[PDB]
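Letter by letter, the chains look like this.
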Amino acid sequence: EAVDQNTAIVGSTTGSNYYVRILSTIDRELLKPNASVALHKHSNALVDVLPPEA
Amino acid sequence: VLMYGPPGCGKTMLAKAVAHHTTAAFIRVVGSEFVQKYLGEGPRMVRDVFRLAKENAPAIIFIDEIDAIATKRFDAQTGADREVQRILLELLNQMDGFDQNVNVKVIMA
Amino acid sequence: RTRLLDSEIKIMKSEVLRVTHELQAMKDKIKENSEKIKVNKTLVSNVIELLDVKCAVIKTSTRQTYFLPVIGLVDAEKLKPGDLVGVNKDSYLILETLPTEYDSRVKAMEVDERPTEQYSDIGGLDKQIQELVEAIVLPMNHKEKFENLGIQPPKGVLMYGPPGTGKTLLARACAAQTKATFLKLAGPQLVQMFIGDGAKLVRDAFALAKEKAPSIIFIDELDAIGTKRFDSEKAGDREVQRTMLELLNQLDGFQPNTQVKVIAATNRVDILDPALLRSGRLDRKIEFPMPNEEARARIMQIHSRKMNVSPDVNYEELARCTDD
Amino acid sequence: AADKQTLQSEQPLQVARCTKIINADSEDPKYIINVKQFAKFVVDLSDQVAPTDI
Amino acid sequence: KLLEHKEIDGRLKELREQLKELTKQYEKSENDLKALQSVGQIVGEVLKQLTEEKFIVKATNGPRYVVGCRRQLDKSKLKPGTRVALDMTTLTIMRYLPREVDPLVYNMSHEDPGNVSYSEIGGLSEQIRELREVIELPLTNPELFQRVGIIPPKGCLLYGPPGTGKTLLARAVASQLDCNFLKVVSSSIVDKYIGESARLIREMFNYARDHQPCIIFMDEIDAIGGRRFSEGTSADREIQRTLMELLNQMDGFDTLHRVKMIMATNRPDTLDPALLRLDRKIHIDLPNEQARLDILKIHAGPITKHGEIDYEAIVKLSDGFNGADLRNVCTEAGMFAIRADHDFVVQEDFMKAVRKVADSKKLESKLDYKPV
Amino acid sequence: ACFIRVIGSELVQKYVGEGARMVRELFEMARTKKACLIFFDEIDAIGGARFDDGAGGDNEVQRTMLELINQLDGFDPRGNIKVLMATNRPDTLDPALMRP
Ligand SMILES: Nc1ncnc2c1ncn2[C@@H]1O[C@H](COP(=O)(O)OP(=O)(O)OP(O)(O)=S)[C@@H](O)[C@H]1O
Ligand SMILES: Nc1ncnc2c1ncn2[C@@H]1O[C@H](COP(=O)(O)OP(=O)(O)OP(O)(O)=S)[C@@H](O)[C@H]1O
């Protein structure tokens, strides 16, 4: 879920969902699905989301 | 569609022949792979199968297992309560009646 | 003798080389072995599998995978795929192997109460004395005598007799007179809801017996779940057959090892399968006849000896006036 | 504040979690332990303890 | 007086061996130091190659990430599914490696004890050649099937009384062909869950697909192969499930090249008809007079006996006995001799063993059930 | 005048050796006093034949019962104490309990 501009609560795959900021240049109409987001390890800063997986 | 191969048959062989002459995004599976321990494993399997299927191309996909899998006998409270529950639930909910543009005409035998 | 000077130079060189080996080995070993001990002292995990293209992976106490191209502080032969090893949490190098491939009550199956008892006590079991000795204490120690002749030692015994002739008494006799590896087995303790128990039990016990060659396995009422096979239409469970056939192809089918000491101290053998007695499982099948007339009185006075008795007791009349 | 600083003075010690025992080895006790649920621990004690009070 | 020469020679050779062993040990010590320095390598799994560098992965026991390879892990063969290793620091792929081997396979692939070749147990005189016509026919060479063309079968099925030689037949073939005998018996696959057995079975199929000349042994398929009734217990439904899965695996989609199966059990009648379609039920036939005496001989070679053993006596003393049976006969002969410790063996002891084994036969009943 | 109730049902505890520790507790509290009574029941629920499963579960019973075997009679026997383990049925016995 997104709260504000380029910032969203995002389910993790490690064990702790987080509410992080994202790279703003990402098209705002692309963060709607629970698709394969990608962030930094510690910062957990969203860089982009990938459609496919698994 | 449906087939059934008894002793001295080759019903499956026909399927593989078509699998040759088919030249699109067809995925092969076996319904036996849907029965594990935790919740909805095979159910979620077939769910994501449907998703990726309607995603890539609504061309073709096929699965091969009917016996002991597509079990109309929902009625025995001895064994496979949640197991047969999720099995036949995935079966029917994925029947969807149909979806009319996906995975055209899986068979089984 | 001009070469004596060059020989002395070479000997001083060999002494310096031995001192350099001493340095590089012991001095550096202070550090290296001390770090190894630290990992051992300051603070148990599983091997995954083996490659040498040496190349092994680590399964942790925390259930985590960790490959290494070189194993290091242990030997791959001392290891195998799936081995418990006390390992460096940090380096992920195996330090030592864990030789605890044993379960809790599968290890408790080795008992050590062992109350003492000889063949003199049991009255009416003379042939029992002879054959029990010959097939228990000799396959325990005189394994070569059969090899001297060159055929085989005996392969399993069948202790049968009605309740009041005794067969577990032979278990107690093998316990007292023979001090080999005590490892019991019985019937009721096989009853389980968790389907598939005796398989791993039998496998691990077989390995442990390979470690413990004088492997006495007295299986009282061994016919309990090792039983004649059935054939019906959904009438009967299967896990009994699972463990039974697993033990069949475990003991039989492979692994020739004279360490076998397997006995059935049950009541009847008519319920046993022809798959359970042929020629290598329970070789001899001798009965426990009812104490005939004065064998009964023998057992009786065995009861009637410690407890203080007025010697005005003729056990003959006693045994006679209660026949069968 | 009857003892509101002694509790701030007891602070120099924070050790000794639950740490249940399992078994022990030979040639040195090497008692085996699990802390709460995490793993098995073939430990070597802090020698300022009794080799049998554990 | 060259005492210095030879004395210093001995001292220097001793010090040479000592310093050599100790410096090699110091080298192995620095090597273990490097092994410490060569940190462990977590094993994760690349979920999919997004691009030639962005490999979308998930830790085999953790979260998912996207990293690259070290330098030369040969992405050519590296595709989603293959097992790789990961960097300690950056999780980057440091080394890909062959897939797992699922321990149980080694339990049915590494226990194989080497033993005698294919001439020990009798009664299978004509079977020895029968077994070879399928047992070395593809093993020796399949190029004959380029002249001819016939597609190789997978195996056959045995039967007979329990442990009476079918076990020993398998042992003999194993210790005789000696290539890839996967000694599986499938006795305790289904513990309490559903697809785990079929899962490991699929793994074994893949493993056999790796190497060409694989050999598959399967005795006591009783509670695994079996027959498919209506819905039985949950366990029964699982068994029939894995049955259909095994039956569907037989045909699969791609020919499993150069692998041969060995189906066996005491009661192969238990198998479902949809499964019993195994070129033929080869049998270990009852050793008769000739065969009984042949095995009886072979059980009595290395005895401290003499030219005394009466052959036809034991022959007519018999009512059907296989290699294991007359092995027990010679054994109980040497035992009733060892009763009072006769290091030699007289055929009298053979007859005493005949007594003991005839007493054992009293514990037999209903000794045959025909399959198919 | 001594009667100490210890029911085998409460003795169904889920801590390893805690059962055996209660064994020593009761056995030595009894030996302090005299003419005692200790009443273990539900040995049907406790067990008489040494059932073993690879479940890794009910083995505190194992150690506890071996400790009991050690501490009941012989090794300072009950004497002026009665520690009673009884059943509804002699159904599942063991060659270790028929001892006089
Ligand atoms: N004419 C044939 N030539 C060669 N192989 C054949 C032939 N017919 C059947 N087969 C074998 O059967 C498989 C393909 O036929 P299928 O249709 O799968 O058989 P089926 O009807 O499923 O019968 P089952 O499953 O064995 S009971 C292949 O793996 C072949 O080895
Ligand atoms: N020769 C004998 N010496 C001692 N006891 C004997 C003898 N013959 C019969 N018995 C009786 O048989 C009992 C021995 O039974 P065991 O086999 O040792 O134990 P068990 O649990 O009764 O096993 P069962 O009933 O025979 S299957 C004793 O209680 C004796 O009274």
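Residues numbered from 1 in each chain as written, not as in the entry; some residues may be left out. Chains lettered and ligands numbered in written order. Part of a larger assembly, values for the part shown. Heavy atoms only, no water. Residues with missing side-chain atoms left out of burial classes, pairs and counts.

By the naming in the PDB entry, chain D goes by 26S proteasome regulatory subunit 7 and is assigned to Homo sapiens.

If you look chain C up in the PDB entry, it shows as 26S proteasome regulatory subunit 6A from Homo sapiens. Per UniProt, chain C has the following entry under Sequence similarities: "Belongs to the AAA ATPase family." (UniProt positions renumbered as here; feature names shortened; annotations may be inferred.)

**Some details on the overall build of chain D**
Counting its regular elements, chain D contains zero helices and three strands. Helices (α) and strands (β) of chain D occur, in sequence order from the N terminus, as β-β-β. Taking the principal axes of the C-alpha coordinates as reference, chain D spans close to 50 × 25 × 15 Å. Contacts spanning at least 24 positions in sequence make up 2% of the contacts within chain D whose residues lie at least 6 apart. (Helix = DSSP H or I, 4+ residues; strand = E, 2+ residues; numbered from the N terminus. Contact = heavy atoms within 4.5 Å.)

**Topic: the sheet that holds strand β1 (residues 20-21) of chain D**
Residues and elements named next belong to chain D. The strand order across the open sheet built from three strands is β1-β2-β3, with neighbouring strands paired in antiparallel fashion. Each edge of the open sheet carries a strand with a single partner, namely β1 and β3 (41-42). Bridging between β1 and strand β2 (residues 32-34) involves two bridges; their strand directions are antiparallel. Following the sheet pairing, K20 is matched in β2 by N34. (Pairing = 2+ DSSP bridges.)

**Quick word on the interface of chain E and chain C**
Chain E puts 66 residues into the contact, and the matching count from chain C is 65 residues. Among the elements that take part in the side of chain E that touches chain C, helix α1 (residues 3-37) of chain E stands out by supplying 12 residues, more than any other. Among the residues making up the side of chain E that touches chain C, the classes are represented as 29 nonpolar, 20 polar and 17 charged. The pairing of strand β3 (residues 65-68) of chain C with strand β1 (residues 41-42) of chain E spans two bridges and is classified as antiparallel. Of the residues in β1(E), the one forming a bridge with C:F67 is E:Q41. (Nonpolar A, V, L, I, M, F, W, Y, C, P; charged D, E, K, R; others polar.)

**Overview of the sheet that holds strand β1 (residues 2-4) of chain A**
All names here are of chain A. Ordered in space as β1-β2-β3, the three strands form an open sheet in which the pairing is antiparallel. Two strands close off the open sheet at either side, each with one partner strand: β1 and β3 (18-21). Within this sheet the neighbouring strands show an average axis-to-axis angle of 25°, counted without direction. (Axes fitted to C-alpha atoms, helices over the stretch in contact; angles between N-to-C directions.)

**Here's the deal with the environment of C:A213**
Residue and element names in this part refer to chain C. If you trace the backbone, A213 turns up in the loop between α6 (198-211) and β8 (217-219). Between the C-alpha atom of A213 and that of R238, which follows or precedes it by 25 residues, the distance is 32 Å. Not counting residues within four places of it along the chain, the set of residues in contact with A213 comprises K143, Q259 and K261.

**Focus: the pattern of salt bridges**
When the charged atoms of two side chains with opposite charge come close together, those side chains can pair. One salt bridge connects C:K145 with E:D341, and the closest N-O pair in it is separated by 3.0 Å. Of this pair, C:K145 sits in helix α4 (residues 143-149) while E:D341 is found in the loop between α11 (323-338) and α12 (347-361), placing the two residues in two different chains. With a closest N to O distance of 3.2 Å, F:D73 and F:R78 form a salt bridge. Salt bridges sharing common partners tie together F:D44, F:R89 and F:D91. (Salt bridge = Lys/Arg side-chain N within 4 Å of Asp/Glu carboxyl O.)

**Regarding the packing of α6(C) against helix α7 (residues 239-251) of chain C**
Residue and element names in this part refer to chain C. At a minimum axis separation of 9 Å, α6 and α7 run at an interaxial angle of 20°. The pairing of α6 with α7 is recorded here as roughly parallel in orientation. Considering only the axes of α6 and α7, their crossing is right-handed. In contact with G198, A199, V202 and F206 of α6, α7 contributes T243, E246, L247, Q250 and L251. (Parallel < 35°, antiparallel > 145°, perpendicular 65-115°, else oblique. Left-handed = near helix turned anticlockwise from the far one by under 90°.)

**Overview of the arrangement of the chains**
Across the seven pairs of chains in contact, the largest number of contacts is found between chains C and E. Contact between chain B and chain C is absent, and the minimum C-alpha spacing across the pair is 14 Å. A minimum C-alpha distance of 12 Å separates chain E and chain F, which share no contact.

**Remarks on the pairing of strand β6 (residues 93-97) of chain E**
Across three bridges, the pairing between strand β5 (residues 83-86) of chain E and β6(E) is antiparallel. The partner of E:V84 across the bridge, within β6(E), is E:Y96.

**A short note on the packing of helix α1 (residues 3-42) of chain C against α1(E)**
A packed helix pair is summarised by two numbers, namely the angle formed by the two axes and the spacing between the axes. Two elements in contact, α1(C) and α1(E), have axes whose closest approach is 8 Å; the angle formed by their N-to-C orientations is 25°. Overall, the two elements α1(C) and α1(E) adopt an arrangement that is roughly parallel. By crossing handedness, the relation of α1(C) to α1(E) is classed as left-handed. Touching C:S7, C:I11, C:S14, C:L17, C:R18, C:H21, C:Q24, C:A25, C:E32 and C:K36 of α1(C) are E:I8, E:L12, E:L15, E:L19, E:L22, E:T23, E:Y26, E:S29, E:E30 and E:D32, all from α1(E).

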